[PDB]
Structures are given as structure tokens and as C-alpha cells.
2 protein chains.
Amino acid sequence: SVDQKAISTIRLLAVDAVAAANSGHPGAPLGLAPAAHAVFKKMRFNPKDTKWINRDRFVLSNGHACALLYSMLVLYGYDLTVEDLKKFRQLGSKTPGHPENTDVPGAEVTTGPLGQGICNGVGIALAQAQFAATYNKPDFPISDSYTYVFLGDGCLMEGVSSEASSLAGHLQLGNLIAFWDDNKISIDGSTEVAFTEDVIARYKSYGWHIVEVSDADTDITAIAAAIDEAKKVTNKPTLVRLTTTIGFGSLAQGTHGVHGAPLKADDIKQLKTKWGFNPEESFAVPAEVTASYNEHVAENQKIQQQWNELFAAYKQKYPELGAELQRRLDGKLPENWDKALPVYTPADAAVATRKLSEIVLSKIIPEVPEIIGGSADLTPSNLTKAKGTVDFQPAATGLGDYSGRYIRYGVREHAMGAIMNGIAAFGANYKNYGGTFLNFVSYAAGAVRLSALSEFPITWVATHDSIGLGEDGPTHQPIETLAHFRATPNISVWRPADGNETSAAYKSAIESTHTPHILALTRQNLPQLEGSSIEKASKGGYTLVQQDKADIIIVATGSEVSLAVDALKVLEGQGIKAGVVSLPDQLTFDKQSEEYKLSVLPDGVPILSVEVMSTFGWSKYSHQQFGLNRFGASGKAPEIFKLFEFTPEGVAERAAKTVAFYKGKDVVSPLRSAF
Amino acid sequence: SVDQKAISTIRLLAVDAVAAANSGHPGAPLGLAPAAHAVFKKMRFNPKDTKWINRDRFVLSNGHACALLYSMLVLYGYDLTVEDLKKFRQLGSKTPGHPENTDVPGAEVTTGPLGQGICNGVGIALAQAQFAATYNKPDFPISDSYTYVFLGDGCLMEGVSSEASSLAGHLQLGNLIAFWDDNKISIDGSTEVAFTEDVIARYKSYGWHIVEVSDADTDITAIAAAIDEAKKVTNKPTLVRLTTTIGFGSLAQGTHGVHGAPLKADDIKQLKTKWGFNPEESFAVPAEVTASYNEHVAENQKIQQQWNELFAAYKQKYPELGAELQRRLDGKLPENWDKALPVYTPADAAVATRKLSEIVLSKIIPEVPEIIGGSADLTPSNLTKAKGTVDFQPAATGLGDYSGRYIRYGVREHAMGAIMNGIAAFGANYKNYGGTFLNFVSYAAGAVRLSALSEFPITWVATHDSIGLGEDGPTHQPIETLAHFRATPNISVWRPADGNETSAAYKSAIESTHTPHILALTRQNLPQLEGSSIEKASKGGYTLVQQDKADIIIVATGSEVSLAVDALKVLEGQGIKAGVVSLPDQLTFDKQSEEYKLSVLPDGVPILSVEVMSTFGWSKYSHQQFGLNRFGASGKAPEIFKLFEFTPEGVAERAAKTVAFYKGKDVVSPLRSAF
Ligand SMILES: CC1=C(CCOP(=O)(O)OP(=O)(O)O)SCN1Cc1cnc(C)nc1N
Ligand SMILES: CC1=C(CCOP(=O)(O)OP(=O)(O)O)SCN1Cc1cnc(C)nc1N
Ligand SMILES: [Ca+2]
Ligand SMILES: [Ca+2]
């Protein structure tokens with residue numbers, strides 16, 4: 001039949017792509033082609049408009065199987081061709097070895113690191129529910145789309161997927177439909193060696209609905225029926241168990257050897273002949289398959305055409321909501337939204353930057369509807385909920401509503417990170433955030449790195465940033481954390497010193513379209529600085545205290561800027577004139593012009609950095625570094641700072657030693673380099 | 001009764017400790033005191049010999065509840081006193097705000113980061129099973145101890161605990177007994193807001209046995225009976241559901257407010273009076289409680305005395321095994337074990353360092369019985385299993401035996417990391433390792449940092465270290481990873497360049513007693529270097545190519561050392577004389593004498609670093625840095641190196657620019673500093 005021919009075409013495109021690269025993963029594509037065919041036939045999408053906001057979304061969580069995804073996208077006429085498939089896994093191609101949303105049209109998210117995609121799917125579904133609750137009206141189903149996720153055994157073993165699946169069940173996300181490739185094989189062989197749990201019983205315990213498809217190698221009727229069944233269960237996410245043979249059709253089907261290496265040439269020949277293809281031909285696309293797939297595309301395009309008319313009618317009936325929705329789909333924030341950002345003067349009281357963050361959120365959440373966010377069980381510590389907002393919960397619980405704006409993630413940092421990526425991936429200008437203690441952002445490193453690679457404007461509200469947290473001690477006190485994330489490409493790591501800098505950090509985080517943000521915030525109170533402003537802090541680094549005859553410049557961040565200012569006073573009593581630079585975000589600073597950067601970190605003067613964390617990275621900006629390269633301590637915070645000599649006198653001593661060390665030496669800016 | 005008085009004493013010590021610090025967590029200690037009393041009465045331990053190898057182990061996974069643990073240790077006469085409790089959470093005390101195994105006698109592991117302790121308990125239990133299978137004989141139950149773990153809702157939400165619990169169920173670890181503090185409260189309030197899964201059904205799906213104690217606020221008879229029941233189930237780990245009231249007895253019991261802040265003074269008074277204590281007194285220890293606890297200690301000490309006689313008789317009957325066991329309990333490796341390390345010459349073939357690692361393991365596993373390890377579903381890629389070894393599995397599966405040495409962790413990096421910490425914590429000189437791709441060590445950052453803080457000699461076999469892996473692309477290619485772990489205190493991060501350096505890295509990793517190791521290993525082949533040896537590489541950094549008239553020194557690691565040597569040849573054609581330094585472990589190098597380090601990185605010569613990852617950290621050792629500070633690419637590895645100019649010519653160009661940049665400048669070693 002044409003459906004059978006389509007499945008064979010998908011299988012053989014994937015195998016031929018792996019063969020041409022002599023690299024990649026044929027097994028799961030062979031096993032999942034029937035399901036992919038069935039799911040894409042149920043999905044609404046436009047290959048010519050990948051951003052249609054009411055499309056169904058597909059996520060390949062088992063991203064190594066991407067030859068399957070690329071084959072689907074090619075067959076459906078996305079901006080990806082057979083010539084691109086021939087360049088699978090080749091430098092510079094549109095068909096990289098794992099899917100990248102920045103590079104591959106129709107890849108919603110970046111997968112490959114196992115467990116992430118299913119969590120991203122939870123976030124897409126969460127966003128869809130919130131979006132629909134915000135905009136839909138009687139006779140106006142602006143948003144009614146589904147989220148389809150493929151995942152394998154590896155994703156089910158990764159703890160991040162358990163976190164997200166527990167939360168998705170709690171949140172009753174009935175438009176999420178996930179499909180487990182139950183093939184009983186991973187890299188180490190049979191799942192009997194390491195993965196013998198009753199997966200189905202576990203998913204029932206989370207509150208998911210289950211459909212089992214015992215013969216998913218062939219039974220596309222049952223796969224389609226499973227989707228129909230899942231759509232009837234509106235208050236539970238559904239897991240469809242697809243019992244498949246890895247590498248179905250290969251001589252090596254059902255073995256670990258078919259997971260991750262190209263098939264033998266003779267194996268590919270026998271696949272082709274028994275499915276009615278020419279064993280001498282590669283990359284075959286039967287025109288009847290193209291015709292069948294084009295019929296579905298044409299129907300989907302008529303659905304989108306009707307949606308556009310629905311949206312036009314919505315703007316007539318609901319002019320305010322319609323204009324808001326249009327602005328969001330255009331990727332634009334509200335005009336002058338940033339006038340809501342709080343501004344401080346040096347006469348204002350000292351405030352912890354976690355509390356300054358609460359105040360910012362309180363002012364901007366009512367002004368910017370596309371802001372939603374939550375905390376990983378640290379709401380009263382991170383200060384991430386604006387008073388007067390409701391939680392995102394299914395109304396059936398009585399605890400919130402899907403129109404709510406505040407997410408109770410529970411103690412689930414990694415899934416929070418990956419869910420945030422999915423919310424961003426949904427689109428509609430969502431600017432979403434997640435709170436935890438800075439030291440436990442590290443639990444979510446897998447997802448954070450993907451925020452950076454995927455270019456998603458997510459925000460971590462990362463409080464309790466240092467030894468300044470005090471008594472909880474070294475298991476809670478960051479040392480390496482900022483260095484880790486600053487060393488990752490494309491992460492803005494803001495460590496604001498005061499009220500104006502905290503507003504600048506949020507301005508950056510909310511305006512972002514391609515760069516994730518981490519806001520490192522204090523437990524403890526900090527003074528409002530003389531010389532700070534949103535304008536200057538928006539440059540990422542700026543001269544706080546200018547000293548034209550400086551013997552030294554002290555560059556600092558966060559809580560250490562006030563320390564530097566106090567050290568300047570001690571140094572004056574010692575006959576040493578210092579300037580102070582505040583460097584609230586190294587990435588933003590780096591992106592400024594060379595002339596601007598040199599105005600902050602000039603030639604001809606020694607520069608000392610001060611930050612109560614690792615010294616890694618700081619030589620970009622300084623000649624000498626005063627940091628903390630050992631673990632912390634459990635005690636009252638001021639006593640810890642004294643122990644480690646992060647005091648005005650301790651900074652002054654090191655500044656005086658720095659001046660002495662460069663006496664008689666020629667000093668050029670740390671910004672200079674040989675290449 | 002005396003038991004009731006003991007429970008009250010525990011509760012009030014914990015509350016008084018929090019009160020004195022005006023900081024910490026009274027709620028879970030109040031709720032868990034009955035269970036703690038009951039469990040410690042069942043446990044075999046010697047407060048005067050915390051390292052008795054056949055002790056039962058206790059782990060407080062909900063480490064914020066540590067005032068409870070400290071109270072137990074004080075009451076039982078560990079090397080921790082009431083005067084230490086009065087210094088809870090104070091700088092320098094033996095009672096830090098979360099338990100630290102390095103500082104607290106009777107703390108087996110370091111907890112506080114949620115989810116870790118239960119996984120550590122899985123590792124202690126895994127080690128006990130392996131140890132017993134190795135040494136026990138008829139009439140000689142050398143090892144028969146249990147592992148008791150307390151955990152809360154937060155631990156159950158963290159994905160790492162799901163990973164470890166799935167694996168523990170698979171491994172049929174019947175000597176593991178965990179207790180869930182089912183109090184329905186976390187920081188954000190009721191668990192109804194975020195954690196509504198059926199925990200018990202989930203644990204049944206993993207293959208755990210369940211006992212439910214409905215009234216764990218009072219029913220110590222039922223808690224004791226639950227332990228007895230768990231001990232009868234020898235082929236399943238057991239979860240005991242302790243239904244408790246958080247803060248039991250407080251005016252604020254059953255609320256989130258009692259989780260994490262000191263009680264009000266009037267609340268403490270009413271607690272005391274209704275439990276028969278003096279409300280004017282703090283830190284009371286009724287002598288009848290001390291007497292009762294001392295009786296149990298005395299009985300346990302007689303059990304250990306008998307165990308010592310059993311061990312003496314074992315050495316008579318099984319002289320070889322007995323001597324091996326004695327050596328392990330003394331903390332000593334086999335005499336001359338390192339003679340098994342492979343040695344290479346420059347005439348030997350090129351080999352990938354992952355394959356060199358396989359060869360090392362093949363030689364040393366038969367020589368050092370305390371080496372065990374595994375991989376997170378990457379055994380045929382990491383090359384972590386020695387041929388001829390058997391997997392650690394319950395014999396009932398037919399897939400291995402508890403005497404086995406190779407662990408199939410599944411796709412569970414984070415739990416693997418925390419399980420490794422538990423295996424190390426068991427003691428008996430275990431030197432254990434875990435394989436994954438370097439980029440996915442980051443999934444386990446929570447546990448890795450705790451390896452460093454806990455001073456455990458665990459080893460990550462972290463292959464596929466760079467863009468050298470090729471086609472899998474940027475989701476798999478480390479950039480920030482080495483900088484992250486090098487910036488963490490107390491992590492040795494070895495990146496060996498060749499066969500001799502790989503043997504040095506293993507010598508360090510296996511000899512370690514207080515420092516975790518990460519071995520960053522290649523997919524791709526590397527040549528054997530002229531000038532390498534185990535002896536020189538053991539210094540962490542060494543001069544590979546000495547050039548007395550050097551215009552520049554190139555410092556490199558791993559795959560980039562051979563690149564530097566090839567660049568030296570290009571530079572000679574340009575009239576530039578270079579030396580080469582290999583820096584296989586920065587931490588080991590840093591620990592060498594100042595004179596040794598200056599002999600490697602002298603004054604008076606520009607130094608360029610080359611490593612195909614982040615430049616962070618490298619200014620410790622170099623004036624200029626050639627690294628990769630952007631994400632990678634999917635393609636054949638040699639083409640990626642060419643794209644980024646990590647070629648002999650590209651390195652030479654940057655070296656020549658470095659020489660030019662320092663013309664007419666005075667250059668001192670990067671090792672010099674002002675303070
Ligand atoms: C183990 C591993 C794989 C097996 C999956 O096993 P599976 O899901 O059951 O896939 P399959 O049925 O065999 O096609 S892929 C890649 N990899 C390394 C890998 C490890 N860890 C992380 C976080 N991401 C990865 N990418
Ligand atoms: C959320 C959080 C806590 C609530 C636990 O909730 P729980 O386990 O149910 O504890 P409880 O019954 O209330 O005493 S403690 C500390 N903390 C921050 C915290 C967050 N993430 C990690 C990895 N470790 C932590 N330490
Ligand atoms: Ca599988
Ligand atoms: Ca709880």
C-alpha cells in the first residue's frame with residue numbers, strides 16, 4: 001500500500017543517510033518509522049511556516065534517531081532536502097548528528113543528551129495550556145494543539161525524565177502524548193542487564209494514561225487508534241508503549257550492534273529488495289509517497305488558513321487580547337515595558353538582591369503577560385512569586401488554574417531547566433524563569449547547556465549566591481558555579497550589586513531572544529551604590545568610581561562591589577588611589593565595543609579582581625585575582641568573610657601588594673592579546 | 001518510659017541546638033526522632049570505632065535534619081558532645097549546618113544536596129554485597145551489615161533518587177532499608193501543590209518491598225517490626241513509609257514554617273513541659289537515657305569483639321583471603337601493584353586514550369581486588385570492562401553475581417556518581433570508577449562536587465573528550481567541562497596525552513585516598529610521545545621538549561600535546577625555537593614544589609597554552625591561550641580541527657604572534673603573583 005511504501009521510504013532514507021556518512025544510528029529509525037508515519041499523519045503542521053503558533057509539536061527525545069526526523073522533514077517538504085540527507089553528519093550541513101533547533105527547520109528543540117526532549121515536551125505542553133487558558137474564548141479555539149514526543153529506554157533511565165513525568169502527571173497535561181520505543185535494547189545490550197523496572201506501573205503512579213501497542217513494527221492502525229484514545233483523556237498525559245524491534249528488517253535487528261553503527265552493505269541490499277526497492281539505488285523517494293504526504297500538507301495548510309481567519313475574527317471581537325496576541329507573535333515586548341523597572345538612589349536602604357528581584361518581578365509581571373515562571377520548592381527563599389498571582393495548576397485541584405503564572409516545580413531543578421527550554425520553544429514571546437539556590441543550578445547543568453546551544457531566552461533566578469548565605473555551609477555555597485556557566489558559550493551570568501544593577505539584569509533577561517540568563521542573587525543585604533544606574537549596568541561592565549590618577553583599579557561583582565568601595569577608603573589612608581569597576585555581566589561586557597571596554601579597563605594601571613568565588617575567567621579582566629578557590633564553611637556569614645579576609649582591610653592589603661608588584665613594570669590592559 | 005524519655009531528649013536536643021544557633025531546621029528532627037531512636041536501637045555500631053567494617057551504616061539523606069543526627073551521635077557517645085551541639089552552625093564547629101563526613105564523627109557521607117544520601121546508601125549497600133560475596137565463607141560471616149537511610153519528600157522528587165532506586169531494585173539489594181518521612185510538607189507548603197504521585201506504587205514498580213507505618217509519630221513498636229520484616233526480604237530493598245507530622249509537638253506542627261526556622265521561645269517551653277522537661281533548661285540529657293543507650297553500645301562492642309575473633313579465625317582458615325582483607329582494612333594497596341601498569345615507547349603504535357585506559361584496567365583489575373567499576377550504558381564506547389570479568393548482578397538473574405566487578409549502571413550518570421561515593425564511603429580500600437562521555441559527567445555535577453567535598457577517591461572514566469569525537473556534534477563535545485571541574489576544589493582532572501601519561505593518571509587515581517579523579521580520554525588515536533614516562537607525568541606537569549634557547553614554550557594537554565610537538569617543527573622552519581610542556585593534571589602540578597613548577601614554567605619566556613576547550617584557568621600557566629570558547633560542530637573530527645585552526649600551522653601562527661607581542665617586554669612566569 002502507499003502507507004507501507006511510505007514507511008519503507010522513511011526506513012531506507014534513514015539507513016542510506018547513515019551509510020553515506022559512515023556514521024550514525026540506524027536502529028531506532030528502523031524501529032520507529034511506522035510510528036513516525038502514523039504520528040505525522042495525525043499532526044497539524046505547515047512545512048512552509050514552521051512557527052504557526054497552533055501547530056502540533058513533535059519532539060524526538062531519543063535524538064540519536066535523528067535520521068528518522070530528518071527523513072520525515074524531507075518527505076514533507078520542509079526546508080531540508082535529499083541533498084541535505086546525503087550530507088548527514090558532515091561539517092556545515094543542515095543534518096547534524098543530533099538535532100539542533102538553530103540549524104534544522106522543523107526541529108523544535110536540541111536533543112541528543114538523553115532525557116531532555118521529553119522534559120522539553122512537558123514544557124511545550126505546559127506553555128500550550130497556559131497560552132490557551134490566557135487567550136481562548138467561546139467560539140475562538142486560538143490554541144488547541146498537541147505535543148507528541150518519541151523517547152527510548154535511555155530517556156526513561158535518566159532521572160530528569162522522572163522529575164518531568166511526575167510533574168506532568170500532577171499538572172494533568174492532557175495534550176501531551178509520549179511514545180516509548182520499547183525495544184529492550186540499549187548500548188550495553190539487553191535492558192535486562194540494568195533496566196527491569198515496570199515502566200508502565202511507574203507511569204500509572206505519576207497519573208499518566210497508558211496505551212499499549214504490542215505490534216508497533218507493523219500496526220499503524222493501532223498507533224493511530226492510540227492517539228485517538230489519548231485525545232479523549234483530557235486530564236492525563238498519555239504514554240503509548242510501542243513494542244518494536246530495534247533495527248526492524250535488518251539482518252542484525254534486535255541487537256545492540258544495530259543501535260549505533262552503519263549497517264553492512266549486504267544488509268542494506270536485502271532491506272531494499274524485500275521492501276520492493278532497488279538495491280542499487282540510494283535515497284529513493286517514490287513519487288506516490290510524496291503525493292500522499294503532500295495531500296496531508298495541503299489539508300494542514302487549509303487548517304492554518306482557517307486559523308488565520310479565526311485570529312482575524314478574534315481581533316475584532318476581543319480587540320485588547322487580539323492586539324496582545326499579535327504583538328507576542330511578532331516577538332515584541334510591550335512598548336515602554338521597562339518603565340516599570342524599579343530605580344534606586346544611594347539614599348535608599350540596603351536590600352538583598354533576592355528581594356530586589358522579588359520587587360522587579362512584582363512590577364513587571366503585571367506589565368508583561370508573557371512572563372511566567374516558578375521555583376524548585378524554594379518560593380519563600382528565592383522570592384520568585386509576585387503577590388496577587390495564581391499558580392499554574394489544573395483547576396480540578398483547586399490549587400490554581402491553567403491561566404496562572406507561577407509554577408510549583410517541586411525539588412526538580414534539572415527538569416525545571418528542561419521544562420523552561422520547552423516553554424521558550426513553544427514561542428509566543430514567552431519569557432520564563434526558574435528559581436533555585438545558585439549552587440543547585442548545577443543539578444540542571446545538562447539542560448542549562450542546552451539553553452545556551454539552543455539559544456533560548458530562559459532565566460534562572462539563582463539566589464543565595466555565595467558564602468554570604470552563611471550557616472547552611474559548604475554544601476550550599478557556590479565556588480565553581482559562575483566559572484562553569486561563564487565558560488559555557490552564550491550564557492549571560494548577571495551578578496548584580498544593588499537595586500539599579502538588578503533592574504538592568506532583568507532588562508537584559510526579558511529583552512533576550514537568543515541568550516539564556518543566570519541571575520546570581522544574594523541572601524544578604526547590600527547598599528545602594530553611588531554611581532550605579534540601569535543605563536551603565538546595561539553595558540555589562542562600567543566604571544563605578546573613576547579615578548584619573550589611579551594607582552590600581554578594583555574590578556568586582558555583586559556583593560564584592562560594596563567591599564571594593566570600602567577598600568578604596570582604606571587605601572586612601574595608605575596613600576593609594578583606586579578606581580572601581582562593577583562587572584555585573586561578563587558576556588554583555590564582552591559584546592561591547594573595544595573602545596568602550598578599554599575605557600573601563602584601560603592600559604597603564606594594575607587591575608585587581610575581587611569576587612568570593614573561583615578566580616577562573618578573571619584574568620580576562622584583571623592582572624591579579626582575589627577569589628575563593630576552596631570550599632566554604634558553616635557559620636554566620638560576616639564571620640566567614642572575615643575568615644577568608646574578604647574585608648576592606650584584606651582587599652586593601654592585596655591591592656597594595658598588587659601596586660608594589662607592578663612597580664617599575666609596564667602594564668597593559670588585560671583586554672589586550674597577541675591574537 | 002525510658003524509650004519515651006529518649007525520644008523527647010532527642011527532640012529537645014535538636015530544637016535547643018537550632019535555638020542556640022538561631023538557624024536551622026527543627027521540623028524533620030521533631031518528626032523523625034521516634035524512627036531515629038528505633039533504628040539506632042536495631043543498628044550495630046561502635047561510637048569508639050567509627051570504621052568497624054561490619055557496622056550497620058546510617059545515612060541521613062534529608063541532611064537539613066542534621067540536628068537529629070548530631071543528637072543521636074552525642075547521646076551514643078561518639079566523639080561529639082553537648083558542647084559541640086551548643087555550637088551548631090557556628091564557624092569552625094564539629095556540628096555544621098549539613099553533615100560533612102570529613103568533620104563529623106559518625107557521618108558516613110556529606111548530605112544537604114537533596115537526593116544524594118539515598119544514592120550513597122545504594123552504593124554502601126552495593127559495596128557491602130560485593131564485599132560479602134568476595135570474603136564470606138561457611139561459618140565466616142565477615143560482612144553481614146545493613147544500610148539504613150532516612151529520606152524526605154525532597155529526596156523523592158530529585159531525579160537522582162529515581163535513578164538509584166530503579167537500579168537498587170534491579171540489583172535486589174536486600175540489605176538496604178530506607179525510610180520515607182511522609183509528612184506531606186516541603187518548603188513551598190503542602191506536597192499537594194507539586195508532588196501528588198503514588199510514591200508507594202512507584203517503588204513497587206522498581207521491585208522494592210514496602211512497609212507502611214501509619215502512626216510514626218509514636219509507634220516505635222511498628223517501626224522496629226518494619227525493620228524485622230525488611231530483614232526477612234533478602235532479595236528486595238525495602239521502603240518504610242513513616243507517616244509523621246513535621247514538627248511533631250510544636251504549636252506549628254504540620255506547617256511549612258516549622259521546616260526551616262527556629263521555633264519561638266514559648267513553643268519550646270510548651271514542648272518541654274508537656275514532655276516532662278524543665279522549660280528553663282536547655283540541652284538536657286537525662287542520665288537514664290544515657291544509661292539505656294550505653295547498654296546498647298556495650299552490647300555492640302561485644303559484637304565487634306566477637307567479630308575481631310571471627311576475623312582472626314578467618315585468617316587462620318583462609319590465609320590468602322585473610323591477608324588481603326587485612327591489607328584492605330589497613331588502607332594499603334598490594335605491594336608493587338603499579339608494576340602492572342603498561343609502559344610504552346615512542347616506537348609503539350598510536351592508540352586512543354580510551355583504549356589505553358581499557359588496557360590499563362585489563363592489567364590492574366586482576367592485581368588489585370578492591371577495584372570495581374562500571375559504565376552508564378557506554379561499556380563498548382568507554383571501554384571500561386576487562387575481558388574475563390563478570391558483572392555485579394544478583395545471581396538469581398543469571399546475568400552476573402554479587403562477587404562480580406563490573407556494574408551496568410544504565411543511563412544514570414548522576415546516580416552513578418553518587419553510588420560511587422557510597423562505594424568509597426563503605427571503605428575497605430575500594431577504588432571504584434564510572435564511565436561516561438566527558439560531556440555527560442555534567443549530568444552528575446551534584447554528586448561530583450560532593451566527591452570533592454567528601455574527599456572520596458572515586459574515578460570518572462570520561463571518554464570522547466572533545467571535538468575529536470567528530471560526528472555526534474556539539475551536544476556531545478565538551479567545551480566548559482574541564483574548566484568547571486578544575487575550578488572545583490579537590491578534583492584531579494587528568495587529560496593524558498599518550499600511553500605513559502594514561503598509566504600515570506591511573507596510578508594517581510588508584511593511589512588516591514582523599515581526591516576524586518576525572519580522566520578525560522580520547523575517541524581518536526594519539527601517538528606515543530618522545531619524552532613521556534610514568535615518572536614525569538606523575539608530577540602532573542613536566543617538560544616534554546626542553547629548549548634552552550626557547551623563544552616560546554607551548555603548554556598543552558591530551559590530544560593537543562602531539563599538536564604542539566608538530567607545531568614546534570613548523571616553528572623551526574620560521575626561525576622560532578619552542579619548548580613543549582605537557583600538563584596532564586593541573587591539580588597534581590599545583591601541589592609540586594615552587595622550584596619544580598618554575599623549572600617547567602620558567603621566567604623570561606612567553607608561554608602559550610593549547611587545549612581544544614575553554615581557556616578558563618589557563619592563565620595560571622600561560623601568558624596567551626589558544627582554546628575553543630564556542631560550541632563545536634557535527635563532522636569528521638579532522639575537518640573540525642582544521643575549521644578551528646587547531647593544526648600545526650594554526651598553532652605556529654599564534655605562537656609567532658605571541659613571540660611578537662612580547663618583543664621588548666619583560667616576561668615573568670605565569671606562576672608569579674602579587675599575593
Ligand atoms: C547511552 C546512549 C545511548 C543509548 C540509548 O539507548 P536507547 O535510548 O534505548 O536507544 P536505542 O533503543 O538503543 O536506540 S544513545 C547515546 N548514548 C550516550 C548518552 C549518555 N548520556 C546522555 C545524557 N546522553 C547520551 N546521548
Ligand atoms: C528545597 C529544600 C528543602 C525542602 C525539602 O523538603 P523535604 O525533603 O520534604 O523536607 P521536610 O519534610 O520539609 O523537612 S530542604 C533544602 N532545600 C533546598 C535544596 C534544593 N535542591 C537541592 C538539590 N538540595 C537542597 N537542599
Ligand atoms: Ca532501547
Ligand atoms: Ca517533607
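Each chain gets a letter, A, B and so on, in the order the sequences are listed, and its residues count up from 1.
- Checked options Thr515(B), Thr459(B), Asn421(B), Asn490(B); the residue passing with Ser451(B) is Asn421(B) (criterion: side chain to side chain donor-acceptor pair (under 3.5 Å)).
- The distance from the CD atom of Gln172(B) to the NE2 atom of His170(B) is 7.5 Å, given to the nearest 0.5 Å.
- Side-chain atoms of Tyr206(B) never come within 3.5 Å of backbone atoms of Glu163(B) as a donor-acceptor pair (strictly under, hydrogens ignored).
- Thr588(B) and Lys539(B) make their closest contact through CG2-C, 3.6 Å (heavy atoms, listed as atom of the first residue, atom of the second, distance).
- When side chains are defined from C-beta on, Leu321(B) counts as touching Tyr135(B), because their heavy atoms get closer than 4.5 Å.
- Atom CD of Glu320(B) has more than 12 neighbouring heavy atoms from other residues, nucleotides or ligands inside a 6.0 Å radius.
- Note that the OG1 atom of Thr488(B) and the CG atom of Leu450(B) stand 11.0 Å from one another [nearest 0.5 Å].
- A donor-acceptor pair is defined here as one N or O able to donate and one able to accept, closer than 3.5 Å; no such pair exists between the side chain of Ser161(A) and the backbone of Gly115(A).
- Side chain of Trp307(B) to main chain of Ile142(B): a donor-acceptor pair is present (N/O by atom type, distance under 3.5 Å, no hydrogens or angles).
- Evaluation of the side-chain hydrogen bond (donor to acceptor under 3.5 Å, both in side chains) rule for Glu413(B) yields no partner, not counting sequence neighbours.
- Contact record, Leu151(B) with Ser61(B): CB-CB, 3.9 Å, taken as the closest heavy-atom pair.
- Summarising the geometry, atom OG1 belonging to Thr234(B) is positioned 12.0 Å from atom NZ belonging to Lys232(B); distances are rounded to the nearest 0.5 Å.
- A donor and an acceptor atom, one from each side chain of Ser375(B) and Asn382(B), are located under 3.5 Å apart.
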Determine, step by step, whether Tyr314(B) and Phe140(B) satisfy the ring pair (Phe, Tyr, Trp, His ring centres under 6.0 Å) criterion, reporting the C-alpha distance in whole Å, the side-chain angles of both residues, the deciding distance to 0.1 Å, and the verdict. CA-CA 7 Å; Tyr314(B) 181 82; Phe140(B) 290 96; 5.8 Å; yes
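- No close placement of the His514(B) and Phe456(B) rings is indicated, their centers lying 6.0 Å or farther apart.
- Partners of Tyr409(B) according to the side-chain hydrogen bond (donor to acceptor under 3.5 Å, both in side chains) rule, which considers only residues two or more places apart in sequence or in another chain, do not exist here.
- Put simply, NZ on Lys431(B) and CD1 on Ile372(B) are 13.0 Å apart, with the number rounded to the nearest 0.5 Å.
- One finds the CE atom of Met416(B) at 9.5 Å from the CD1 atom of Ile407(B) (value rounded to the nearest 0.5 Å).
- With hydrogens and angles disregarded, no donor-acceptor distance shorter than 3.5 Å links the side chain of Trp52(B) to the backbone of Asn46(B).
- Closest approach of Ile518(B) and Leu438(B) over heavy atoms only: CG2-CD1, 4.3 Å.
- Ion pairing between a basic and an acidic side chain is recognised when a charged N comes within 4.0 Å of a carboxylate O; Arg412(B) and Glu158(A) show no such pairing.
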Could you give me the CA-CA distance, side-chain angles and deciding distance for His414(B) and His414(A), then say whether ring pair (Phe, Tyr, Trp, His ring centres under 6.0 Å) is met? CA-CA 11 Å; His414(B) 198 177; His414(A) 198 177; 8.2 Å; no
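- Side-chain contact between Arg55(B) and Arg44(B): absent, with no pair of heavy atoms (C-beta onward) separated by less than 4.5 Å.
- The closest donor-acceptor contact from the side chain of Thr353(B) to the backbone of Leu356(B) lies at 3.5 Å or more, if one exists at all.
- The aromatic rings of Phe440(B) and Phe437(B) sit tilted, their planes meeting at an angle between 30° and 60°.
- Taking both residues in full, the closest heavy atoms of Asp465(B) and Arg495(B) are given as OD2-NE, 2.8 Å, listed atom of the first, atom of the second, then distance.
- A side-chain N or O of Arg202(A) and one of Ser162(A) form a donor-acceptor pair less than 3.5 Å apart.
- Salt-bridge check for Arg327(B) with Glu370(B): passed, with a basic side-chain N closer than 4.0 Å to an acidic carboxylate O.
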Are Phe150(B) and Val39(B) close enough, and set up right, to give a side-chain contact (heavy atoms from CB on, under 4.5 Å), and what steps lead you there? CA-CA 10 Å; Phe150(B) 280 11; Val39(B) 164; 3.8 Å; yes
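- Counting all heavy atoms, side chain and backbone alike, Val390(B) lies closest to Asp401(B) at CG1-N, 3.9 Å.
- In terms of modelled atom types and a separation under 3.5 Å, the side chain of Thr502(B) and the main chain of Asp498(B) share a donor-acceptor contact.
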How far apart are the C-alpha atoms of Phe392(B) and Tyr402(B), what are their side-chain angles, what is the distance that settles it, and do they pass the ring pair (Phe, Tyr, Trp, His ring centres under 6.0 Å) test? CA-CA 5 Å; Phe392(B) 180 87; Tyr402(B) 288 150; 5.1 Å; yes
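- In this structure, the side chains of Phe179(B) and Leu239(B) stay at 4.5 Å or more apart for every pair of heavy atoms.
- A donor-acceptor contact shorter than 3.5 Å links the side chain of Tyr430(B) to the backbone of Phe131(B).
- Among all heavy-atom pairs drawn from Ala428(B) and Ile53(B), the shortest one is N-CD1, 3.8 Å.
- Note: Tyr146(B) OH to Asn54(B) CG = 11.0 Å, rounded to the nearest 0.5 Å.
- No side-chain N or O of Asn500(B) forms a donor-acceptor pair with one of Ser533(B) less than 3.5 Å apart.
- Looking only at distances, a side-chain donor or acceptor of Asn175(B) sits under 3.5 Å from a matching main-chain atom of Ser145(B).
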